[PDB]
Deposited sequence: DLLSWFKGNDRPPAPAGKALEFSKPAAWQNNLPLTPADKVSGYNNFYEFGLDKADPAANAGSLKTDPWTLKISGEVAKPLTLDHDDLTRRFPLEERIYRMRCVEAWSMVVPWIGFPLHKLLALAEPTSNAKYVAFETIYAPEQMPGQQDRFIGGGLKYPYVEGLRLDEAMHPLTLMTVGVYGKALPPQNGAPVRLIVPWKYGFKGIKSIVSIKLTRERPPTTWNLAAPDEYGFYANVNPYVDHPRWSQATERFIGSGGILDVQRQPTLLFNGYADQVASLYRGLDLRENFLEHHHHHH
C-alpha cells in the first residue's frame, strides 16, 4: 500500500540499492521459519490490521497506537540505510518511518527510565515457528529486544512502517518494525506489539539464545569476530564481497554514544 512521506537530504544518498524483490524475498523472521525464503512464503497468514502497539512502563503518559496511527500520527520519512545482518550479508534499503524519539517524546520518559524493551507479537496459530523447536530456530518466543535509552533516542533509530515507497510486506515485520542501522540486524525487532521503558537492562532473544555469540550492544564492528566466522567482510545483496565498516558506516554519528565506555 503506497503512502506519503518526505525525503530528508540527510538520509538520501548514492548508495546502490538492494532490489525490492530481495529486500522482501531474503529475510530472517524465525517465527515463520529459518530459511531465507520461508518468510515471504508464510508471512501472509499474519493479520497486520487491526494492530495494537502499547507504550508503557517508566513513562509519564503511557499510550497505545492503532494501525492507522502507525502511518499518520507522525510524519513519515524515507531514509536510505545500510542493513548489516550478523551473518555477514548486507543491504541498502529505502525504509520509511519516523524517528523513535518522536514517539518516546509523547510518552515522556521519567528520570528512572534507562532502557527501552521491545516485544514482537505472539500468535502461535499464525506463526509456525512459534510451534516447532527447529522450524523457529529454538528461540524463546515472543521475540524480545532492548536498547539503552540514549540509543533509542538517537536520530538514526527508526520505527519503520514501509519500504520502497509502500507499506511493509509482512515478511519485513509488518506493520511496525525497529531499525538501528549501526547495529547487527537482530536488533531490528519485527512486528512490534509492546515498547516498555525500564530501569534495568532488558533481556534479548538472541543474547538469551547464545550469550557468548550475541551481545546486548551488537554494534557493527569489523574488528570483533563472531565465534563461528569473521566480521571483516560481507556479501552485499544486490541484483542477480566488500569490507565491513565500523558502526556500519555511521561511526561519526554514533561514536559519541560509546566513547570511553566498555561492553
Sequence ranges absent from the coordinates, based on the deposited chain and numbered from 1
1-17, 258-263, 287-298
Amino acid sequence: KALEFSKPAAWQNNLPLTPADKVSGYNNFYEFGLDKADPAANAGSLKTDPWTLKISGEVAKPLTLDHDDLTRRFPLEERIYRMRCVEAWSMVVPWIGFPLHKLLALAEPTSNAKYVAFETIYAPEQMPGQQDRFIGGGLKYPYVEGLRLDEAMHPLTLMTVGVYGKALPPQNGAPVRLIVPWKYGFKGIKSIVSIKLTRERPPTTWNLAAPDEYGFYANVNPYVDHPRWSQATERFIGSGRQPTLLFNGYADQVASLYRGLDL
From here on, numbers count along this sequence of modelled residues.
184-192 versus 115-123 - which carries the larger mean C-alpha B factor in the record:
115-123
Hey, which bit's got the bigger mean C-alpha B factor in the entry, 145-153 or 174-182?
145-153
Residue set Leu106, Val93, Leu100, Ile96, per-entry CA B-factor max assigned to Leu106
Checking the record values for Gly138, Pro128, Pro169, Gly165, which has the greatest CA B factor?
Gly138
Of the three thirds of the chain ranked by Cα temperature factor, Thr244 occupies the middle
Quick check on the deposited entry: does the C-alpha B-factor of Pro19 sit in the lowest, middle or highest third of its chain?
middle
Relative to the other modelled residues in the chain, which third contains the C-alpha temperature factor of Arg133: lowest, middle or highest?
highest
Third assignment of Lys36 from its chain's C-alpha B-factors
lowest
By the recorded C-alpha temperature factor, relative to the other modelled residues in its chain, which third is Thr52 in?
highest
